There are 2 protein chains.
Amino acid sequence: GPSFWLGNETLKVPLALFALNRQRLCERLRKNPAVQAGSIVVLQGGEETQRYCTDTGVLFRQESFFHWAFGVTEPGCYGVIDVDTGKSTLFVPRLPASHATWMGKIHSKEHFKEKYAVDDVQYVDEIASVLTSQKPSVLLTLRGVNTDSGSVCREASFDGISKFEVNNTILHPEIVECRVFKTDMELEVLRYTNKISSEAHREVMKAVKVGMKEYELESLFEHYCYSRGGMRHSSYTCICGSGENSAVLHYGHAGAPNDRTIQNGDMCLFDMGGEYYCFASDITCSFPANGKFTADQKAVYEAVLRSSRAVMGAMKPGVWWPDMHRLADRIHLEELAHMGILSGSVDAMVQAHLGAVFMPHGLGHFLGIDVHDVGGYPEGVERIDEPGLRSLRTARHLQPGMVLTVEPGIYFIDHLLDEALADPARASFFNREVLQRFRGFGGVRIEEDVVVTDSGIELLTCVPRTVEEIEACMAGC
Amino acid sequence: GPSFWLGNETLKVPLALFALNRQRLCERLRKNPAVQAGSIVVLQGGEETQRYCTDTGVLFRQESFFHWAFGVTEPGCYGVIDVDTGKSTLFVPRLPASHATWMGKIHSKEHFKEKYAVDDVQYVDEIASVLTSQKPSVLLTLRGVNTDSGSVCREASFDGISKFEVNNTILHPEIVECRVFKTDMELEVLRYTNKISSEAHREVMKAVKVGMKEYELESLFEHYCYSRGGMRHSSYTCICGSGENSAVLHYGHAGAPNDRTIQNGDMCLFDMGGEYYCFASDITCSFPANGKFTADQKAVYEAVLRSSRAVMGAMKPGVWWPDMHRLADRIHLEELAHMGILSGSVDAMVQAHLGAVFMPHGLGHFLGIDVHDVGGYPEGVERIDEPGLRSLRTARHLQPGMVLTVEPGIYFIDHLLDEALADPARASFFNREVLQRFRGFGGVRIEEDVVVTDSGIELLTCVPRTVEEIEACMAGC
Ligand SMILES: O=P([O-])([O-])O
Ligand SMILES: O=P([O-])([O-])O
Ligand SMILES: O=P([O-])([O-])O
Ligand SMILES: [Mn+2]
Ligand SMILES: [Mn+2]
Ligand SMILES: [Mn+2]
Ligand SMILES: [Mn+2]
């Protein structure tokens, strides 16, 4: 059996992985009472892209659904799967012999059959003819709404498609459910992205110096992942927040691109995750820039370590994800009170929604081929209309084989804080004189990637977490 | 006067650079008799994009024309220039006061006026009424054909733009012609991009070892450029061909993603250039993987070194660029004859277009904000319909201020070789028994970036070039 491999110490991923996904999608559609006999799944791969109107090629990364079904790295492909038999056909672009002048050897269709271990390979321009000869009942295409972006997924289309019966509602929720439940072969890849990203995080912690620019660490992190782990891409733009910037969720975008000089006294919050063969990792480490936690940083950090461990210790099949988020809120509030920042009844603090002031984002989300993976809110799973909870990327109950991030945080965000101090239903909880000490603290977030097993979780991530472990990693070790 | 800067040893670029561009564009438009008084240039900035239908951010890189004119790093902006007066107005998006949580500091309009040194800043939702009160005769927008991609530039559009008179033919030829001639400020940025990429090429040469994967060198090059040079993007996808892949012109892309193991005996061809503040560099180095040229490798290498130095020596205002391409072709053929690969009259070889068998691409191209920069083929300049020369990205005569790549090379491409050996008008020049030993040699390209001065050229790139220099570099002398 063939495998994708970037050599050295990188992971061998069997193409069988994708055969299993195809097989699981078919099994799921045969069980579907409204999937007609003789149906055929028709997916379209992503295409080569350029910067606006220039000839500057953009690096091609495969469309995620298409990758999940076939594992194909080349642009311009299509893929069909006969539902009743499970037979797979890949369609590759016809490159004219003259292209060998600027390409290498132009690969034969047979080269692609053995590469991807699919049942047949044909040219893209013969798609209409090839599907005609199969006399299918219906073409199942991919159309639906991603619940993190709001975008509608592009449906496959080819010249001549109008002569076929096309159903575009059935496939989306089904191919999404398959993706939510990771196979053992998929887990092996997620273990590997986490291992490599964990090593990269360790290296950053070793190298950080007061005086460096944040992007120096971004650069180091991507160099390790690529050179040591074959990860050409990151799963998302690196967030390298130091000082006040640790309080900016999604910092490091074009408008704030990791350009701050790290200073003595700053907390660093680093959320960086490499991507191997279109599989994600998503890992955040928080640590003092100088290698020594102050009392205040120890206190806030250990509050987050506490919610992290309490959530992970409680996760198991049947657990409603929003319950864990509320747990994290409660623990934050408890500890924020133990440290003297808040006073009064934790119950009262909860009933007021104070938790959302300190952790305005969701506790965690599905992870897979996308960092924010599909299937958090299928039909019938409602968004909870409350501050904090409304940002959860899923409201599902945990089941074995799900892959989630566990990412609690405590931040000191000036405009959430000024709001609470202006709301008489929230103001009384604050001790202004101690709060003043934490203005500009930034934030801590501790983000693990876990798998939901039959009875608990498997922790994918391996970074130092306790105060002791972190101060030791930063000093060598 | 304010400047773009990324700290450390990174280059300070004065925002005055872009004011000069706006000034120069206006002066050229004023001379154009089709341009009506009261005309306003309206450019639209690039927007934030995501991976297909997911919420995975793609790192924002500004549209080229817009950057040339304003140097704005933020997504979602417009920018207008009053032709008669030269006053610039930047339009920035109105971000709801309520998501400082996720963005950070919502910057006021004065911040941006200060930041970019424009005459005025307003919100984007106000663009129709801001323009309406200026009572323009005509809006000049940007539409044209890029002569490398064949793509049509996206013309600026906003809500209520159909109430204006809009012209979309005048601007493109004029803004392109300004981009062709680099100001002293632009040149300073280009010296820097070349300095940094040259330093990185030197590091890639000291680091190359047999048994490494090509992408390890790509990763290091990029890491030097980012951590050491502030270059978050490269100018194009790194080409790291070794062995037979050094003969593959479009190498490095998704379908051949630098995944070959560097072998003893291989030639390497590394084409890589970092990008700083959307300014490009374009450098190719060629060298033996093991750090030592064989006789065959030296002969071919010194053939390309010869034509590189000949072309650079010849360049001056007034020189027709296709004559330089021809001069490279003649030098290659001379050397390939001295080597025994060819026999007979070099004049006859030239008449038969045999040079394009060994160098199928153009000698070089304008370089600027884009690596294949705009303006090689404006009205009245035609593509020469002959092998090799048809691939030239410009057929213009050289003038002070133009920046070009000089990138001759020799490759052994089976498709081209086989075609030529079947043609009795070309076959006779080959010594097949000598040609044999060079099959699967790969190729060598030597690529320098230069500026045309009043009297000749200025060389920007600073890498090892002679056989002695390269071997001494690789041995870690
Ligand atoms: O970014 P995130 O990971 O979702 O928090
Ligand atoms: O799982 P669920 O919760 O039923 O969605
Ligand atoms: O890529 P290139 O440099 O244009 O050849
Ligand atoms: Mn994260
Ligand atoms: Mn996450
Ligand atoms: Mn190049
Ligand atoms: Mn070039």
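Counting convention: from 1, in listed order, for ligands and their atoms alike. Below, chains carry the letters A, B, ... as their sequence lines are ordered, and counting in each starts from 1. Note: hydrogens, waters and symmetry copies are ignored here, and every other heavy atom, side chains too, is used.
Between A/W102 and B/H250, the ring planes are perpendicular. Angles over 60° get that label, and only those under 30° would be called parallel. Classified by interplanar angle (parallel below 30°, tilted 30° to 60°, perpendicular above 60°), the ring pair A/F412/A/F358 is perpendicular.
Residues A/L190 and A/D449 are not in side-chain contact: their nearest non-hydrogen atoms beyond the backbone lie 4.5 Å or more apart.
The backbone N or O of A/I369 lies less than 3.5 Å from no partner atom in the side chain of A/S64, so there is not a single donor-acceptor pair. Within the 3.5 Å criterion, the main-chain N or O of A/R465 finds a donor-acceptor partner in the side chain of A/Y301.
In this structure, A/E186 has no salt bridge (charged side-chain N to carboxylate O under 4.0 Å, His left out) partners at least two apart in sequence or on a different chain.
Looking at every heavy atom in both residues, A/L269 comes nearest to A/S286 through CG-OG, 3.8 Å.
Under a 4.0 angstrom heavy-atom cut-off, B/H361 registers as lying outside contact with ligand 3.
Between B/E447 and ligand 3, a contact under 3.5 Å exists for at least one N or O pair. Inclusion of B/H372 in the set of residues having an N or O under 3.5 Å from an N or O of ligand 3 is warranted.
Below the 2.8 Å limit, the Mn ion (ligand 6) has as protein N, O or S neighbours B/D271 OD1, B/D271 OD2, B/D282 OD1, B/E447 OE1.
In this structure, a donor-acceptor pair under 3.5 Å is present between the side chains of B/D55 and A/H372.
In this structure, atom 1 (O) of ligand 3 lies nearest to the protein heavy atom B/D271 OD2, 3.9 Å. Shortest contact from atom 2 (P) of ligand 3 to any protein heavy atom: B/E407 OE1, 3.5 Å.
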